[PDB]
Each structure stands twice: as C-alpha cells, then as structure tokens.
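In case you want the letters, here they are:
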Amino acid sequence: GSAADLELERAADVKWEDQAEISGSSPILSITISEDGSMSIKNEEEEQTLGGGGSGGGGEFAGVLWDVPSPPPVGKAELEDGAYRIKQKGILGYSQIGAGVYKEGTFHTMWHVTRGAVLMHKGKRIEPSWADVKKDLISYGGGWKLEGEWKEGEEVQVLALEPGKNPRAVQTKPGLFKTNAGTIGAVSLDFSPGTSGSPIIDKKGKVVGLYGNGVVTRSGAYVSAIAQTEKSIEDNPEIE
Amino acid sequence: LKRX
C-alpha cells in the first residue's frame, strides 16, 4: 500500500505572506453532514496538484520533489524550516498534498492528509512522534507547542501554497454552514481547494494554527473546520 | 503528502 515513500519539499515559511487577498467571509452554505462525526459535499472532486508545476528548484519528475538540507556533518533529524510542499509515492501513485508545517523544532500538520504514515527524503526515512484523528492533527519531533488558537469570532488569513506559484495568503474572516445540529462555525472561503496542512496565520504572524477537515463545497467554494494549538496535553512525566 |  503506502507508508513507504512520503517526501518533504520546503516552498515558503509558516508566516503571513504579503499576497493578502480578501476572498473568505462566505456567509451561509449547505454542507452534507455524515453521521455528525464527518462532514462533506456529495460531489466527487479531484485536484491532486501543487508541488512541481515548473522548474522551481524543488522537483524531479520521476519519483517525488524536495528541498531538505539535513547535513551529514551534525544533523540527525530533518528540518527545512517553514511551509512545505509535500508529495508521496503511495495510495494512487505520485501525488502532492502541499502544506507541511515545521516551526522551530516541531512539525505539526493535518491528520486527514494520511491515516498516520511515516515521512522521508526520497529513500531516507524519518518517523512522526504523534497522530490524532479526533482534532485531525499530526506531530513530528515531539508534542506540538505554539500558543495561539483561532476560532469563529476573530478574522485571520489562511497561508495556502499555490501550484507552481507563491504562498497565497487569503484573508479569511469567520464563516458558517447549516447542519442537522443547526449550524457549524468554521473557516468559510470562496476560492480554489486550499492546500492540506494550510496554517491559520494572522497578519502579525499570530495564532499560526491549522485549517481543519472540510471539502470543496458548491463544487467551487472551499469550506473547512478551524484547527488550532491547544498545546500538547503532556499529563505524563516527560522523563521521570 | 498525496491529495489535499
């Protein structure tokens, strides 16, 4: 199956990009809720395209694509530092999810990108430290720790890496969609399917969370849950 | 790393 070739490629940094475009604030949508736990639109989308799409340093066009500087003189772990385009040879072949979020020493991205697979540099393997389906958040290096948390009340921007192009910082204010439970409040955006792992970053580089699990709705708009850093619940002693 |  998979979990045998999942390569990283830095494209940008996890930060507000000056390409700030107001496109969110999308009012009331109707999304088809699957048994309350899941939520989606009943329209089969298909849009596996981000990494490559031009001779942009990172690439190969054979296996995967990279931008990883782990050096033989003093290195051990992997750290390209920032917002990554990411692509595996697995599941349905050679396809890119896009956004891999590594800040300081912690790599923290979405769960729905996988079912808890291992990472690498096209034939050099590195294991993640955490995977959680509930919040839809995975970690590498250790337990995730930032600070900020976005929720439907304040306005933010989503840092979505474009296919073959620059990190599209889209200004996304709170949105919501109608539900069997009444309404869910989330990030409602009229735009192309934003990259999986897109960090929720303010103009001042605040919050720096993650776009949650969602779908291309109206076969045109992209609406997804809000994911944020609650700080990793280390109830257990880290050593003793 | 696959779809989105």
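Everything here concerns the structure above.
Residues numbered from 1 in each chain as written, not as in the entry; some residues may be left out. Chains lettered and ligands numbered in written order. Heavy atoms only, no water. Residues with missing side-chain atoms left out of burial classes, pairs and counts.

Visitor: Is there a simple way to explain the pairing of strand 6 (residues 82–90) of chain A in this structure?
Guide: The side chains of a regular strand alternate, first on one face of the sheet and then on the other. All names here are of chain A. Counting buried positions along strand 6 gives eight out of nine residues, so the element sits mostly inside the fold. Pairing geometry for strand 1 (residues 6–12) and strand 6, over six bridges, is antiparallel. Pairing of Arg10 across the sheet is with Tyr84, part of strand 6. Bridge count for strand 6 against strand 7 (residues 93–103) is nine bridges, and the pairing is antiparallel. Residue pairing across strands places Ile86 opposite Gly98, the latter belonging to strand 7. Between strand 6 and the antiparallel strand that follows it, strand 7, lie two residues; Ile91 among them carries a positive phi value of about 60°. (Buried < 20%, exposed > 50% of the residue type's maximum accessible area, 1.4 Å probe, protein only. Helix = DSSP H or I, 4+ residues; strand = E, 2+ residues; numbered from the N terminus. Pairing = 2+ DSSP bridges.)

Visitor: Before we go on, may I ask you to explain the packing of aromatic side chains in this structure?
Guide: The geometry of an aromatic ring pair is captured by the separation of the ring centres together with the interplanar angle, meaning the angle of the planes. Residues and elements named next belong to chain A. Per the counting criterion, the structure on display carries four aromatic pairs over all chains. Ring centres of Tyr84 and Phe107 lie 6.0 Å apart, and the angle between their planes is 15°; on these two criteria the pair is classed as stacked. Highlighted residues: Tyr84 in strand 6 and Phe107 in strand 8 (residues 106–110), separated in sequence by 23 residues. By the burial criterion, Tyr84 is buried, and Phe107 matches it. (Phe/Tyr/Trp six-rings, centres within 6.5 Å; stacked < 30°, edge-to-face > 60°.)

Visitor: Just to check I follow, could you spell out the pattern of salt bridges for this structure?
Guide: Close approach of charged atoms allows side chains of opposite charge to pair. Taken as a whole and assessed by the stated rule, the structure comprises twelve salt bridges over all chains. Two residues, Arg10(A) and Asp67(A), come together in a salt bridge whose shortest N-O distance is 3.0 Å. Note that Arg10(A) is positioned in strand 1 and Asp67(A) in the loop between strand 5 (38–40) and strand 6, a separation of 57 residues in sequence. With its nearest N and O atoms 3.0 Å apart, the salt bridge here joins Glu45(A) to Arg3(B). On the basis of relative accessible area, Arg3(B) is assigned to the partly exposed category, the value being 30%. A single salt-bridge network, built from bridges that share partners, covers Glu21(A), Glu162(A) and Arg168(A). (Salt bridge = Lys/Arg side-chain N within 4 Å of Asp/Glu carboxyl O.)

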